[PDB]
């Protein structure tokens, strides 16, 4: 489904309704609860979301660019080609990036669907490729993008983002980018749907300074002292003057939403039997998030540089961080512009501003509790709340909520709305959840607790129930990797729900936040250590020790395989003792190779995508020992990515990247 249009409101015009929107949205929340609160027995439907990047290989120029010109695809697949999609059980939606695709199954999977995940993901890829080859045919006849070859790649990061000649538009700086006002990203990186440039503007204005994301550079032998791509400019005030102050020696400087939301990830959503189970599942998936973030790492480079981290998360965290310097407890960089650190916050409300520690895109703040093992002391972190909102969720005549669950919403509501259409100002709170969806959906966290709609009353057995979204996974090049990780979380989720009586996953939130920073460090999967529970089978216990990813996956006591994966395969009867038995199974071979891919990366035998791209850059003939990714390095890299994506072992790169056994296996074995 394509996002439907309207009159967007710019920040100065919109900010006067922040409070109207919040009130009305809570009201809607209340109705959702009153109507759907008592759903029970919802089945385990679930599905993934994939995100893709259309890359234009200009082979003759030896240049890989982001393709910002075939974006009609997203409308085509949703109008005249919406039937191809449906026939095929796939669905396409727009994403921040004009070069980006997003796609899901058209219907959620029900329980264990085997290789069908991968099948469905491959159909998504084939359809994009199909339409692209169509455009290539039309273009040829219209004499357009000559020498050009567009391919969709599930990259987490585009390695040359905001670097010279990184988009397939001639002379993109010959006009101004009023939306980002970025030094590096022409606004053509933004998807045309009004919502996206709106968000981009609203945050910058609210903030009163460009977003700013500094990423530690890798320290090669000739690496410059500073990010020498910073330049001075006079299009925009204050923005063009901000760089000198905001940047830092030994740090990749990035200054635009697209650096973050122009990144891709894998997401999986799950429906629990009911709100109570959903709380329990959400809570228990909290510490999986930073672990899977480390495990899945696929983004070792930004803005032309090898970074000294392997994942996207902090970059996306900064890319939409609407916090004024007031909200961050820091000096404005340009005080005559950003008046008293309040940026765009209306005068009449500056007095009710709070120091807020985390970007509205950031790791979960609070366990929701409501289950045997939960105790409020686990929420041991700084989490500012909207007390009016808490008040009203505690004391109202439609759905009085428990304190813990009230606090979660109360925390989401410390944010202002950042894109609102004029049409939409007054809703019927009994039927619309749009206003709440405004705040719900611009709190982008590692999980998301998804209420349903007011229309999802218990008698309606088919409407979406109470869901948990697992958001941290970096996205992988191959549909096999992404299916594998999708099934991993599926199994974990199933385990969790099947043994809900016996699994205590709680740990102090503060260790989770720490985990979330460890998870960024370069080669983290290979050696760093994380706070993980000592035992899950054990009421009244919340000890952690510090384990490696290898341990966290494989420890008999508290490992993901022996504690989560292996047990649920037993009660389903896929094996009797051990997951490895699958290698020999008739009905279930592919599952073996998923889990083995998973195992072998956790134990460091097989590399992460992040590792593999790093090695690749580091040993490229044109590599200059200075952390620089040149057009050429980028081109050959993305060329490998293309072949890898297609199981093309002609240069032994697949064997090199998945090892012999698995490479052979997938080369010789297509899904279901």
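Numbering follows the first chain given and starts at 1.
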Subject >> Which of 5 to 13 and 18 to 26 has higher mean CA B factor, as the PDB entry lists it >> reply: 5 to 13
Subject >> Stretch with the greater mean C-alpha B-factor as recorded in the entry, comparing 533 to 541 against 101 to 109 >> reply: 533 to 541
Original post:
Looking at 274, 563, 463, 154, which has the highest CA B-factor as recorded?
Top reply: 463
Original post:
Out of 645, 627, 609, 639, which one has a C-alpha B factor higher than all the others in the entry?
Top reply: 627
**OP:** Would you mind ranking residue 47 by its C-alpha B-factor against the rest of the chain and naming the third, lowest, middle or highest?
**Re:** lowest
Subject >> Position of residue 594 among the chain's modelled residues by C-alpha B-factor, lowest, middle or highest third >> reply: lowest
**OP:** Just say lowest, middle or highest third for the CA B-factor of residue 554 relative to the other modelled residues in its chain.
**Re:** middle
**OP:** Check where residue 578 lands among this chain's C-alpha B-factors and tell me if it's the lowest, middle or highest third.
**Re:** highest
**OP:** Using the B-factors in the PDB entry, rank residue 499's C-alpha atom against the chain and give the third, lowest, middle or highest.
**Re:** middle
